[PDB]
Amino acid sequence: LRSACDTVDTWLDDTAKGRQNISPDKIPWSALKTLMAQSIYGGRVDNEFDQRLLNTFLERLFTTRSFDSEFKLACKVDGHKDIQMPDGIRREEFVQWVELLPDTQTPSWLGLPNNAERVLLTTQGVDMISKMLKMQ
């Protein structure tokens, strides 16, 4: 995360040389995507399908369309609703959106099917019973 933040800071300063506002089309999306796919986050990836999965998130989130008012961070999270992109322009506006999250997270937020957690949630629930019985 720190390396990615430095990469964002370095390349945005190169393009926005003191400009108060930078057009979304002028933001170096390719520089951010390629460095994260190859150097920052893709360095640990040793699989061609994990790299394919790592890219898929990059050309979706890191685009000029992410500055639109109708961008979808996640799709069909509950089959009906989808997570929307905040319309704010300041840090506090984005943070308040995080604090207002539904708190009903499902693996569909991550792009995975919701059934992926069914076995994991069952095992953890059974483990709780064993832990409660062990220390009774």
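All residue numbers in this chain count up from 1 along the given sequence.
The heavy-atom pair separating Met85 from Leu73 by the smallest distance is SD-CD2, 3.6 Å. Closest approach of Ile83 and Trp97 over heavy atoms only: CG2-CZ2, 3.6 Å. Of all heavy-atom pairs between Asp50 and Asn47, the closest is N-OD1, 3.3 Å. For the residue pair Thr63 and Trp29, the shortest heavy atom distance occurs at O-CZ2, 3.2 Å. For the pair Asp87 and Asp68, the tightest heavy-atom approach, listed with the atom from each and the gap, is OD1-O, 4.2 Å. Shown here for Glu93 and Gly88, the closest heavy-atom pair between the two residues is OE1-CA, 3.2 Å.
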Taking distance alone, no hydrogens or angles, what donor-acceptor pairs closer than 3.5 Å link side-chain atoms of residues 98-107 to residues at least two apart or in another chain?
residue : atom : partner : partner atom : Å
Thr106  : OG1  : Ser108  : OG           : 2.6

Would you mind writing out the side-chain donor-acceptor pairs for residues 125-135 within the sub-3.5 Å range, not counting sequence neighbours?
residue : atom : partner : partner atom : Å
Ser130  : OG   : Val126  : O            : 3.3

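Summarising the local packing, CH2 of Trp11 is surrounded by 12 or fewer heavy atoms from other residues, nucleotides or ligands at distances under 6.0 Å. Within a 6.0 Å sphere centred on CZ of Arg19, other residues, nucleotides and ligands contribute more than 12 heavy atoms. Atom CD of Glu92 sits in a crowded spot, with more than 12 heavy atoms from other residues, nucleotides or ligands closer than 6.0 Å.
Side chains of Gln84 and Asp82: a donor-acceptor N/O pair is present below 3.5 angstrom, by distance only. There is a side-chain donor-acceptor pair under 3.5 Å between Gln51 and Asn55.
Atom OG of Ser30 and atom CD of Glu59 lie 10.5 Å apart (nearest 0.5 Å). Of the inter-residue distances, the one linking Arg118 atom CZ with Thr123 atom OG1 reads 12.0 Å to the nearest 0.5 angstrom. In this structure, CG in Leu12 is found 8.0 Å from CG in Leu32, a value given to the nearest 0.5 Å. Within the model, atoms CZ of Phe71 and CZ of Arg65 stand 10.0 Å from one another, a figure rounded to the nearest 0.5 Å. Going from atom CD1 of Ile40 over to atom CZ of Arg2 covers 13.0 Å, rounded to the nearest 0.5 Å. Here the straight-line distance linking atom CZ of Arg91 with atom CD of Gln96 works out to 10.0 Å at 0.5 Å rounding.
The closest donor-acceptor contact from the side chain of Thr10 to the backbone of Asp6 lies under 3.5 Å.
By the criterion of side-chain heavy atoms lying less than 4.5 angstrom apart, applied directly or through intervening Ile, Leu, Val, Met, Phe, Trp or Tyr residues, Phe62 is grouped together with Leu1 in one hydrophobic cluster. Connection of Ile27 to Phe94 is established within a shared hydrophobic cluster, with ILVMFWY side chains joined at heavy-atom distances below 4.5 Å, either directly or through further cluster members. Residues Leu58 and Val8 share a hydrophobic cluster, clusters being chains of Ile/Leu/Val/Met/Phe/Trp/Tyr side chains in contact below 4.5 Å. Cluster membership check: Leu61 does not share its hydrophobic cluster with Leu110, using side-chain heavy-atom separations under 4.5 Å among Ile, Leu, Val, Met, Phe, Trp and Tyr. Linking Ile, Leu, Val, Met, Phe, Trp and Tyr whenever their side-chain heavy atoms come within less than 4.5 Å leaves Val77 and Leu112 in two separate clusters.
Salt-bridge formation is not detected for the pair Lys81/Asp78: no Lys NZ or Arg NE/NH1/NH2 atom is positioned less than 4.0 Å from an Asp or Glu carboxylate oxygen.
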